[PDB]
Amino acid sequence: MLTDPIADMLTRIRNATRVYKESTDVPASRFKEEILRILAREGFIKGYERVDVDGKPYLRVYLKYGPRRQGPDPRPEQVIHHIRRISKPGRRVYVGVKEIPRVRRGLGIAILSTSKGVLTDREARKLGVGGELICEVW
Amino acid sequence: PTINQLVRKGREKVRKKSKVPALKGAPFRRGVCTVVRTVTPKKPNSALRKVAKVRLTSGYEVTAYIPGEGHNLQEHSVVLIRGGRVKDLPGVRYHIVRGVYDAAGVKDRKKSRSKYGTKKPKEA
Amino acid sequence: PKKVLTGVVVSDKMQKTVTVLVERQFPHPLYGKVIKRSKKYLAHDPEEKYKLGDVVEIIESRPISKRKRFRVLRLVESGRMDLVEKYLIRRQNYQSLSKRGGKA
Amino acid sequence: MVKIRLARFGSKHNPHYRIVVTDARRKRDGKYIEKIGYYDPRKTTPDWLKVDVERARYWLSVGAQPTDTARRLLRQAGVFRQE
Amino acid sequence: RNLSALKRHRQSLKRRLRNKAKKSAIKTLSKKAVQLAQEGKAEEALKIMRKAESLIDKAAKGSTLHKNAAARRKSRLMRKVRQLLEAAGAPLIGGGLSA
Amino acid sequence: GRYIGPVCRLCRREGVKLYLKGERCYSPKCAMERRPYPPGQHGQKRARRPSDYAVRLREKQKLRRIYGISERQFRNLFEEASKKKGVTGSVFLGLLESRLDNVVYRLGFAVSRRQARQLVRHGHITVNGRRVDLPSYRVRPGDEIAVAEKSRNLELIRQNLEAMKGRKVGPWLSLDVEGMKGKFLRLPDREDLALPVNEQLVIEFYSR
RNA sequence: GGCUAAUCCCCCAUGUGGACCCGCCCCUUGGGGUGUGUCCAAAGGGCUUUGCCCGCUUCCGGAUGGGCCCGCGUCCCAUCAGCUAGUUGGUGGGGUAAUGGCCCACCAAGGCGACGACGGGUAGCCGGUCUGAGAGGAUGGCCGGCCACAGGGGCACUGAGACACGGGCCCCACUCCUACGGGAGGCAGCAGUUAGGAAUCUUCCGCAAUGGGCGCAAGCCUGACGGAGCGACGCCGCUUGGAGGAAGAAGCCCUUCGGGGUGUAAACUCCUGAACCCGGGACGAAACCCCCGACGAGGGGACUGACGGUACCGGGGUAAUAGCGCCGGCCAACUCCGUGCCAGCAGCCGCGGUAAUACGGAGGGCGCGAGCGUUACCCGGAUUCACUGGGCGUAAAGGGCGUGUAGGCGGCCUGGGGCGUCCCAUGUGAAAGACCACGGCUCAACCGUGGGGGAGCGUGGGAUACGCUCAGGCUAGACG
Ligand SMILES: [Zn+2]
């Protein structure tokens with residue numbers, strides 16, 4: 001079965017970007033859409049949009065890359081150099097507002113899920129709350 | 001191993017094994033000489049290594065190296081063992097402390113005297 | 001506060017006493033995942049009220065017998081052997097894994 | 001019996017007591033019930049005797065029996081002056 | 001040798017004997033009474049009970065029975081007695097018994 | 001006992017001038033004059049590419065032999081300067097320059113650091129009046145470091161305080177050559193010292 | 001066997017009151033009130049002696065200390081898998097301050113276990129300590145908290161309290177006295193002896209200070225304690241000198257025989273002056289007590305230090321201990337000579353069989369310095385048990401395959417609950433230690449004062465994204 005929907009999505013994204021896909025579909029879920037909202041706002045993805053594949057709901061994720069490069073291998077630098085799942089089924093990970101990590105010395109983010117909604121580490125710290133540590137992106 | 005597995009069986013902590021049953025895990029042990037033989041080296045090395053069977057107060061009967069240019073150990077001489085093997089002599093796990101009990105220090109030792117237990121020579 | 005617990009009556013085989021199986025959860029001190037252990041308490045049932053399958057609230061009390069420091073505070077939800085089953089089925093595997101072996 | 005007494009806390013030749021409320025039976029340097037002051041025998045500093053008279057009076061309020069020397073220090077910080 | 005405070009042991013023995021003597025009297029009377037109530041004889045059952053009650057409270061006077069030790073004795077006594085008296089009793093003297 | 005032994009030989013091993021004698025270490029004889037090669041039967045032979053250790057080692061030995069201090073005491077100062085806030089490197093040097101015995105030297109009372117050590121030791125020194133014979137004594141900002149009255153007449157003290165006429169003083173110090181007084185204004189900063197040292201490597205050496 | 005006092009023992013009374021039975025009320029496990037019945041008190045002593053002091057009795061309350069119960073946490077081995085009869089529960093009862101199989105009679109047939117019972121081994125536990133970037137690992141000595149024990153085993157008495165280290169009884173072992181019947185002992189208190197061991201101190205001073213027991217007080221007792229003694233055992237501080245002083249003595253080492261090194265080091269000159277001498281000489285001590293005043297508040301007054309004639313102050317005053325390891329690479333430090341797979345070195349790799357920077361000495365050098373080095377052990381390096389932070393085609397590592405129990409894990413939408421999870425407040429998280437600040441001893445080590453942080457758990461309030469649960473729904477999984 002599909003054991004971890006959230007992890008499935010981060011991977012679909014990690015996988016598509018590595019081959020430079022423009023778009024990329026992932027089965028829609030309220031929660032997954034909540035995450036994508038941050039991904040866009042934090043500028044990691046051009047954005048995303050609801051779509052119907054074979055009749056079922058999906059979320060097109062519009063990938064973003066750096067510009068073309070010089071020398072051999074003109075492949076663009078990724079905008080999403082990283083994106084790793086943390087809390088996972090059978091090893092849930094929650095943090096207090098004092099334990100919210102500082103990803104990549106601030107240049108990267110961390111998406112938490114708080115009783116105040118899905119926020120980034122900075123947002124969470126502001127609202128002074130903690131919660132399940134969904135993932136880490138940079 | 002899966003996290004759930006780690007939870008079930010968990011990691012096993014490593015157990016170091018002593019290399020010197022000078023028993024009592026003591027720093028030194030005193031014994032009595034039995035045989036002041038002279039073994040031969042291993043693999044490449046060659047020479048007449050001076051050794052000594054010792055009956056420890058720890059109940060163990062062991063073989064010990066006798067460092068130094070020349071010794072004075074005999075059949076029933078009391079000695080002190082300090083632990084430390086000798087790469088060439090299979091079976092020798094401790095050195096004999098020179099300058100203690102019956103083992104006299106090395107004569108004419110003008111350098112690393114701290115070892116070879118020899119007093120400070122009075123410069124004429 | 002006299003400690004209050006909730007569990008299931010997995011045994012009604014004694015007089016004025018019942019065996020409540022209180023479940024518990026928590027994060028493993030080193031590997032963090034939420035593990036789930038469980039313990040059986042012998043609770044005092046004077047009226048012989050509570051029956052096998054009942055979910056009850058246990059309350060810290062004054063000793064009643066040796067190995068018995070809890071009284072059935074109240075009933076939370078009646079009948080539901082789906083739980084007693086787990087407990088019994090687990091006791092059943094014990095009926096082996098020794099010199100023979102537990103079914104399946 | 002609960003007392004108000006001194007507790008050696010200095011060091012060799014550098015004694016420093018702690019006016020304390022403990023049970024008569026403890027080590028003199030054992031676990032007290034509450035600290036309520038301190039005393040520097042040698043007045044090595046301008047501040048060689050604090051007493052928090054508020055609390056003392058409370059303890060005396062209920063059986064605290066001061067060592068003689070403890071009382072003499074408590075008096076100094078006017079724990080008894082009833083003007 | 002000689003820690004003159006042997007005196008303590010010396011006295012322990014006396015006290016031991018003094019106590020031991022109070023209690024045996026107590027027990028004797030207690031049964032004595034319980035057994036009278038037992039047989040249904042109202043009057044003398046209570047009459048004796050009152051003595052028992054007395055000796056007990058006095059035992060608790062000094063450090064023999066002392067404490068609730070006395071209380072336990074009395075209750076277990078007045079109880080046993082009034083109940084056994086349920087055999088057509090009717091507490092006459094109603095001594096140690098609030099009718 | 002802090003070293004005590006041929007000293008212009010350290011000057012040589014560090015291949016750099018060390019003022020472990022105040023005077024003379026000027027008069028064409030600090031030995032670093034026409035003989036800046038290390039002491040011993042091998043001094044003149046070619047030197048090999050030092051190991052990272054060798055370099056860090058030599059750097060610390062320098063910074064340290066400059067204040068004629070024992071590794072033991074030196075190390076503790078460092079571990080102290082490591083805990084306290086602020087660039088360990090300089091903070092460390094600050095503490096080294098706050099040694100009463102150093103200050104005395106810094107204020108011209110003594111010609112060398114050794115000499116100053118003795119003046120402090122033999123009681124010839126003061127700190128806010130009360131005399132202090134502890135070379136490791138840490139001078140704070142706002143302390144007068146005067147010469148002992150009884151010693152103000154000492155031949156030695158009169159010469160040095162004399163030649164001290166005109167001679168300027170560190171910007172973190174100041175002295176009244178009259179009553180032979182002086183004040184520790186503030187903790188010197190890395191810039192204030194023209195030390196042929198690179199604490200960078202000293203910190204790194206205690207990192208190993 | 002006889003005499004005798006008391007704050008020793010007893011009886012009667014008074015009953016503020018309290019205890020017990022029964023009834024009732026409020027409370028809610030045995031909490032508080034109330035009515036009848038019953039039951040239960042006491043000791044005196046001292047004076048500045050008609051008053052004050054010390055003390056006695058009953059009850060209620062505080063304070064302190066403690067017993068008992070419960071949640072959670074607390075090593076290794078599964079080559080220990082089944083354990084259990086007072087065993088699990090019940091009813092009546094004993095015993096206790098009190099709950100309870102704690103103990104007993106009777107009844108029932110239970111209780112525990114792979115979420116590791118039972119058994120074997122190891123171990124007092126904690127605050128803390130060592131290490132570590134941390135997580136973690138190791139540890140629990142000194143100091144403080146708790147527990148346990150007092151030659152081994154069992155037992156109770158007396159008491160508020162003990163099953164009672166310097167109290168009692170019995171059995172056992174051992175030691176000593178014995179007129180051989182029978183007795184007396186227990187340093188795991190201070191010091192000390194002996195044995196064992198690589199190894200661990202003075203049969204010291206004092207009751208002055210803090211604390212403790214009795215006493216109205218004076219005061220007595222205190223190997224608790226405050227001190228001194230020994231031991232570089234550790235930490236911190238300090239000395240063995242400072243300045244000048246040759247293109248550079250002699251000796252010793254090396255050399256291309258020109259010279260290079262030891263080296264401003266020495267010699268010598270001048271300066272200061274640890275030790276040591278002389279004089280002064282301490283804090284720690286102010287109470288208790290006396291006097292006035294009400295034995296109060298308050299005021300005044302007197303006595304008292306082991307350390308110790310020590311710290312410290314002043315004067316005088318001598319240049320006055322240096323050692324230990326290392327120099328092949330790791331690793332900072334190189335030459336000659338001797339030796340010849342020898343004698344030896346060695347942590348690893350290795351070195352020595354006629355040129356050895358690796359053996360021994362010497363010269364020179366590097367490190368550290370009243371220390372230096374070795375041995376042992378713990379943490380590190382070791383992400384080499386990997387949670388942080390590893391792996392399994394061929395390096396060690398996929399189970400011979402399946403079926404399936406327990407267990408771990410779980411698609412999309414909505415609603416309830418708020419168990420996990422997050423937040424706030426509050427309580428706790430002792431003192432010591434750790435951290436920061438300021439302060440005391442000439443510094444520091446050490447010590448004092450103050451402040452801050454603190455996982456975890458209790459309590460109240462709140463959030464609801466995720467995980468859980470409950471209810472409902474859906475077809476993208478699965479099945480038909
Ligand atoms: Zn020079």
# chains A, B, ... in the order shown; residues from 1 in each chain; ligands from 1

$ residues_near_ligand --ligand "ligand 1" --cutoff "10 Å" --atoms "only C-alpha atoms (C1' of nucleotides) and all ligand atoms" --output "PDB file with N, CA, C and O atoms (P, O5', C5', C4', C3', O3' and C1' of nucleotides), in the first residue's frame"
ATOM      1  N   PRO F   6      70.158  29.520  30.423  1.00  0.00           N
ATOM      2  CA  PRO F   6      70.471  30.360  29.265  1.00  0.00           C
ATOM      3  C   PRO F   6      69.187  30.800  28.561  1.00  0.00           C
ATOM      4  O   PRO F   6      68.316  29.983  28.262  1.00  0.00           O
ATOM      5  N   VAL F   7      69.067  32.096  28.307  1.00  0.00           N
ATOM      6  CA  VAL F   7      67.865  32.637  27.692  1.00  0.00           C
ATOM      7  C   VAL F   7      68.008  33.145  26.263  1.00  0.00           C
ATOM      8  O   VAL F   7      67.067  33.047  25.475  1.00  0.00           O
ATOM      9  N   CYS F   8      69.167  33.694  25.917  1.00  0.00           N
ATOM     10  CA  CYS F   8      69.349  34.173  24.558  1.00  0.00           C
ATOM     11  C   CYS F   8      69.344  32.964  23.621  1.00  0.00           C
ATOM     12  O   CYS F   8      69.384  33.112  22.402  1.00  0.00           O
ATOM     13  N   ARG F   9      69.273  31.765  24.196  1.00  0.00           N
ATOM     14  CA  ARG F   9      69.232  30.537  23.396  1.00  0.00           C
ATOM     15  C   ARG F   9      67.802  30.279  22.917  1.00  0.00           C
ATOM     16  O   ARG F   9      67.584  29.605  21.917  1.00  0.00           O
ATOM     17  N   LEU F  10      66.830  30.820  23.644  1.00  0.00           N
ATOM     18  CA  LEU F  10      65.431  30.684  23.268  1.00  0.00           C
ATOM     19  C   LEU F  10      65.236  31.679  22.136  1.00  0.00           C
ATOM     20  O   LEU F  10      64.585  31.367  21.140  1.00  0.00           O
ATOM     21  N   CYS F  11      65.798  32.880  22.311  1.00  0.00           N
ATOM     22  CA  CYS F  11      65.739  33.935  21.295  1.00  0.00           C
ATOM     23  C   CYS F  11      66.096  33.213  19.987  1.00  0.00           C
ATOM     24  O   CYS F  11      65.363  33.276  19.000  1.00  0.00           O
ATOM     25  N   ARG F  12      67.219  32.496  20.016  1.00  0.00           N
ATOM     26  CA  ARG F  12      67.728  31.778  18.851  1.00  0.00           C
ATOM     27  C   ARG F  12      66.858  30.661  18.289  1.00  0.00           C
ATOM     28  O   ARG F  12      66.677  30.580  17.074  1.00  0.00           O
ATOM     29  N   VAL F  16      63.674  34.364  16.382  1.00  0.00           N
ATOM     30  CA  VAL F  16      63.120  35.699  16.524  1.00  0.00           C
ATOM     31  C   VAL F  16      63.589  36.309  17.836  1.00  0.00           C
ATOM     32  O   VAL F  16      63.775  35.614  18.835  1.00  0.00           O
ATOM     33  N   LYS F  17      63.768  37.624  17.818  1.00  0.00           N
ATOM     34  CA  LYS F  17      64.226  38.349  18.985  1.00  0.00           C
ATOM     35  C   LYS F  17      63.223  38.274  20.126  1.00  0.00           C
ATOM     36  O   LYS F  17      62.019  38.416  19.935  1.00  0.00           O
ATOM     37  N   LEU F  18      63.749  38.025  21.314  1.00  0.00           N
ATOM     38  CA  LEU F  18      62.947  37.967  22.517  1.00  0.00           C
ATOM     39  C   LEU F  18      63.662  38.869  23.492  1.00  0.00           C
ATOM     40  O   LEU F  18      64.874  38.754  23.705  1.00  0.00           O
ATOM     41  N   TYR F  19      62.907  39.787  24.069  1.00  0.00           N
ATOM     42  CA  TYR F  19      63.479  40.723  25.007  1.00  0.00           C
ATOM     43  C   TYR F  19      63.378  40.141  26.406  1.00  0.00           C
ATOM     44  O   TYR F  19      62.572  40.574  27.230  1.00  0.00           O
ATOM     45  N   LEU F  20      64.214  39.138  26.652  1.00  0.00           N
ATOM     46  CA  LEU F  20      64.254  38.445  27.929  1.00  0.00           C
ATOM     47  C   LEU F  20      65.379  38.999  28.792  1.00  0.00           C
ATOM     48  O   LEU F  20      65.800  38.374  29.768  1.00  0.00           O
ATOM     49  N   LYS F  21      65.847  40.189  28.424  1.00  0.00           N
ATOM     50  CA  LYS F  21      66.927  40.856  29.136  1.00  0.00           C
ATOM     51  C   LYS F  21      66.834  42.374  29.105  1.00  0.00           C
ATOM     52  O   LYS F  21      67.760  43.062  29.542  1.00  0.00           O
ATOM     53  N   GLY F  22      65.729  42.901  28.595  1.00  0.00           N
ATOM     54  CA  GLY F  22      65.605  44.341  28.523  1.00  0.00           C
ATOM     55  C   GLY F  22      66.843  44.889  27.837  1.00  0.00           C
ATOM     56  O   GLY F  22      66.986  44.733  26.626  1.00  0.00           O
ATOM     57  N   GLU F  23      67.749  45.504  28.597  1.00  0.00           N
ATOM     58  CA  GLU F  23      68.964  46.057  28.006  1.00  0.00           C
ATOM     59  C   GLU F  23      69.780  44.948  27.375  1.00  0.00           C
ATOM     60  O   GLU F  23      69.488  43.778  27.583  1.00  0.00           O
ATOM     61  N   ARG F  24      70.808  45.323  26.620  1.00  0.00           N
ATOM     62  CA  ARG F  24      71.671  44.376  25.913  1.00  0.00           C
ATOM     63  C   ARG F  24      70.955  43.820  24.701  1.00  0.00           C
ATOM     64  O   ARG F  24      71.523  43.783  23.613  1.00  0.00           O
ATOM     65  N   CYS F  25      69.715  43.372  24.890  1.00  0.00           N
ATOM     66  CA  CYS F  25      68.933  42.823  23.790  1.00  0.00           C
ATOM     67  C   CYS F  25      68.761  43.921  22.731  1.00  0.00           C
ATOM     68  O   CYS F  25      67.865  43.872  21.889  1.00  0.00           O
ATOM     69  N   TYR F  26      69.646  44.913  22.805  1.00  0.00           N
ATOM     70  CA  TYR F  26      69.709  46.035  21.876  1.00  0.00           C
ATOM     71  C   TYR F  26      71.162  46.134  21.443  1.00  0.00           C
ATOM     72  O   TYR F  26      71.479  46.043  20.259  1.00  0.00           O
ATOM     73  N   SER F  27      72.048  46.301  22.420  1.00  0.00           N
ATOM     74  CA  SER F  27      73.474  46.389  22.138  1.00  0.00           C
ATOM     75  C   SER F  27      73.902  45.129  21.386  1.00  0.00           C
ATOM     76  O   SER F  27      73.932  44.044  21.964  1.00  0.00           O
ATOM     77  N   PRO F  28      74.259  45.270  20.093  1.00  0.00           N
ATOM     78  CA  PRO F  28      74.693  44.204  19.185  1.00  0.00           C
ATOM     79  C   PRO F  28      75.197  42.950  19.883  1.00  0.00           C
ATOM     80  O   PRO F  28      76.368  42.578  19.749  1.00  0.00           O
ATOM     81  N   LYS F  29      74.299  42.289  20.608  1.00  0.00           N
ATOM     82  CA  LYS F  29      74.649  41.090  21.351  1.00  0.00           C
ATOM     83  C   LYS F  29      73.461  40.204  21.735  1.00  0.00           C
ATOM     84  O   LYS F  29      73.661  39.201  22.415  1.00  0.00           O
ATOM     85  N   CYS F  30      72.236  40.548  21.325  1.00  0.00           N
ATOM     86  CA  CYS F  30      71.080  39.707  21.682  1.00  0.00           C
ATOM     87  C   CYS F  30      71.313  38.354  21.054  1.00  0.00           C
ATOM     88  O   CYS F  30      70.483  37.446  21.186  1.00  0.00           O
ATOM     89  N   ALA F  31      72.462  38.254  20.373  1.00  0.00           N
ATOM     90  CA  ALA F  31      72.926  37.063  19.669  1.00  0.00           C
ATOM     91  C   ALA F  31      72.150  36.924  18.375  1.00  0.00           C
ATOM     92  O   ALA F  31      72.665  36.404  17.384  1.00  0.00           O
ATOM     93  N   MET F  32      70.908  37.404  18.389  1.00  0.00           N
ATOM     94  CA  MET F  32      70.067  37.360  17.204  1.00  0.00           C
ATOM     95  C   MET F  32      70.729  38.290  16.214  1.00  0.00           C
ATOM     96  O   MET F  32      70.260  38.481  15.083  1.00  0.00           O
ATOM     97  N   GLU F  33      71.826  38.877  16.684  1.00  0.00           N
ATOM     98  CA  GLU F  33      72.642  39.774  15.900  1.00  0.00           C
ATOM     99  C   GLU F  33      73.811  38.900  15.455  1.00  0.00           C
ATOM    100  O   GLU F  33      74.574  38.385  16.284  1.00  0.00           O
TER     101      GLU F  33
ATOM    102  P     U G 264      74.965  32.247  23.301  1.00  0.00           P
ATOM    103  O5'   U G 264      75.122  32.673  24.826  1.00  0.00           O
ATOM    104  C5'   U G 264      74.696  33.970  25.256  1.00  0.00           C
ATOM    105  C4'   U G 264      74.622  34.031  26.756  1.00  0.00           C
ATOM    106  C3'   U G 264      73.945  35.296  27.272  1.00  0.00           C
ATOM    107  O3'   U G 264      73.180  35.000  28.448  1.00  0.00           O
ATOM    108  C1'   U G 264      76.105  35.124  28.181  1.00  0.00           C
TER     109        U G 264
END

$ residues_around --residues "range 447-452 of chain G" --least-positions-apart "5" --cutoff "10 Å" --atoms "only C-alpha atoms (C1' of nucleotides)" --output "PyMOL selection string"
(chain D and resi 9-12+14-17+38-40+44-45+47-48) or (chain G and resi 435-441)

$ write_last_selection --atoms "C-alpha atoms (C1' of nucleotides)" --output "PDB file, in the first residue's frame"
ATOM      1  CA  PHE D   9      30.012  26.079  56.077  1.00  0.00           C
ATOM      2  CA  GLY D  10      33.292  27.909  56.000  1.00  0.00           C
ATOM      3  CA  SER D  11      36.555  26.069  55.511  1.00  0.00           C
ATOM      4  CA  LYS D  12      39.661  25.613  57.609  1.00  0.00           C
ATOM      5  CA  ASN D  14      37.649  30.457  57.414  1.00  0.00           C
ATOM      6  CA  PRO D  15      34.402  29.480  59.205  1.00  0.00           C
ATOM      7  CA  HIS D  16      31.092  30.777  57.842  1.00  0.00           C
ATOM      8  CA  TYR D  17      27.891  29.684  59.543  1.00  0.00           C
ATOM      9  CA  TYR D  38      24.223  33.657  57.813  1.00  0.00           C
ATOM     10  CA  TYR D  39      27.059  34.770  60.041  1.00  0.00           C
ATOM     11  CA  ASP D  40      30.722  35.601  59.430  1.00  0.00           C
ATOM     12  CA  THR D  44      35.774  39.826  57.033  1.00  0.00           C
ATOM     13  CA  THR D  45      33.316  42.051  55.181  1.00  0.00           C
ATOM     14  CA  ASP D  47      28.136  42.536  55.634  1.00  0.00           C
ATOM     15  CA  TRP D  48      28.942  39.869  58.217  1.00  0.00           C
TER      16      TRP D  48
ATOM     17  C1'   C G 435      27.211  28.325  35.046  1.00  0.00           C
ATOM     18  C1'   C G 436      27.409  34.119  35.547  1.00  0.00           C
ATOM     19  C1'   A G 437      28.126  38.225  38.700  1.00  0.00           C
ATOM     20  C1'   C G 438      30.390  40.654  43.096  1.00  0.00           C
ATOM     21  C1'   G G 439      33.234  39.749  47.478  1.00  0.00           C
ATOM     22  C1'   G G 440      37.012  37.487  51.479  1.00  0.00           C
ATOM     23  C1'   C G 441      42.466  35.158  52.385  1.00  0.00           C
TER      24        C G 441
END

$ atom_distance --atom1 "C1' of residue 311 in chain G" --atom2 "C1' of residue 284 in chain G"
12.0 Å

$ closest_atom_pairs --of "range 53-98 of chain C" --to "range 26-40 of chain C" --cutoff "12 Å" --atoms "only C-alpha atoms" --output "JSON lines"
{"residue": "C:58", "atom": "CA", "partner": "C:40", "partner_atom": "CA", "distance": 11.1}
{"residue": "C:67", "atom": "CA", "partner": "C:40", "partner_atom": "CA", "distance": 10.7}
{"residue": "C:68", "atom": "CA", "partner": "C:40", "partner_atom": "CA", "distance": 10.6}
{"residue": "C:69", "atom": "CA", "partner": "C:40", "partner_atom": "CA", "distance": 11.9}
{"residue": "C:70", "atom": "CA", "partner": "C:40", "partner_atom": "CA", "distance": 11.1}
{"residue": "C:87", "atom": "CA", "partner": "C:38", "partner_atom": "CA", "distance": 10.4}

$ write_last_selection --atoms "N, CA, C and O atoms" --output "PDB file, in the first residue's frame"
ATOM      1  N   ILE C  58     -10.228   2.737  36.899  1.00  0.00           N
ATOM      2  CA  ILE C  58      -9.635   2.237  38.120  1.00  0.00           C
ATOM      3  C   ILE C  58      -9.177   3.450  38.922  1.00  0.00           C
ATOM      4  O   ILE C  58      -8.784   4.481  38.356  1.00  0.00           O
ATOM      5  N   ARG C  67      -1.242  -7.230  46.614  1.00  0.00           N
ATOM      6  CA  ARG C  67      -1.415  -7.216  45.166  1.00  0.00           C
ATOM      7  C   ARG C  67      -2.879  -6.860  44.856  1.00  0.00           C
ATOM      8  O   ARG C  67      -3.621  -7.683  44.324  1.00  0.00           O
ATOM      9  N   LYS C  68      -3.282  -5.641  45.206  1.00  0.00           N
ATOM     10  CA  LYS C  68      -4.652  -5.153  45.005  1.00  0.00           C
ATOM     11  C   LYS C  68      -4.783  -3.819  45.743  1.00  0.00           C
ATOM     12  O   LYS C  68      -5.046  -3.765  46.952  1.00  0.00           O
ATOM     13  N   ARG C  69      -4.576  -2.748  44.982  1.00  0.00           N
ATOM     14  CA  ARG C  69      -4.615  -1.382  45.477  1.00  0.00           C
ATOM     15  C   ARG C  69      -5.450  -0.494  44.561  1.00  0.00           C
ATOM     16  O   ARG C  69      -5.141   0.690  44.390  1.00  0.00           O
ATOM     17  N   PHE C  70      -6.493  -1.055  43.961  1.00  0.00           N
ATOM     18  CA  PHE C  70      -7.346  -0.276  43.069  1.00  0.00           C
ATOM     19  C   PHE C  70      -8.806  -0.697  43.153  1.00  0.00           C
ATOM     20  O   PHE C  70      -9.125  -1.872  43.344  1.00  0.00           O
ATOM     21  N   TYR C  87      -5.861 -10.091  24.324  1.00  0.00           N
ATOM     22  CA  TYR C  87      -5.294 -10.592  25.567  1.00  0.00           C
ATOM     23  C   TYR C  87      -5.308 -12.127  25.672  1.00  0.00           C
ATOM     24  O   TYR C  87      -4.296 -12.743  26.012  1.00  0.00           O
TER      25      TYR C  87
END

$ residues_around --residues "range 41-48 of chain C" --least-positions-apart "4" --cutoff "6 Å" --atoms "only C-alpha atoms (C1' of nucleotides)" --output "list in words"
residues 16, 17, 18, 19, 20, 68, 70, 71 and 72 of chain C

$ atom_distance --atom1 "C1' of residue 318 in chain G" --atom2 "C1' of residue 242 in chain G"
16.2 Å

$ residues_around --residues "range 109-113 of chain B" --least-positions-apart "5" --cutoff "9 Å" --atoms "only C-alpha atoms (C1' of nucleotides)" --output "PyMOL selection string"
(chain B and resi 68-69+118-121) or (chain G and resi 325+360-361)

$ closest_atom_pairs --of "chain G" --to "chain C" --cutoff "6 Å" --atoms "only C-alpha atoms (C1' of nucleotides)" --output "Markdown table"
| residue | atom | partner | partner_atom | distance |
| --- | --- | --- | --- | --- |
| G:81 | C1' | C:98 | CA | 5.7 |
| G:89 | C1' | C:14 | CA | 5.5 |
| G:90 | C1' | C:15 | CA | 5.6 |
| G:99 | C1' | C:63 | CA | 5.5 |
| G:100 | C1' | C:65 | CA | 5.4 |
| G:115 | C1' | C:37 | CA | 5.3 |
| G:387 | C1' | C:31 | CA | 5.0 |
| G:404 | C1' | C:104 | CA | 5.7 |
| G:405 | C1' | C:104 | CA | 3.5 |
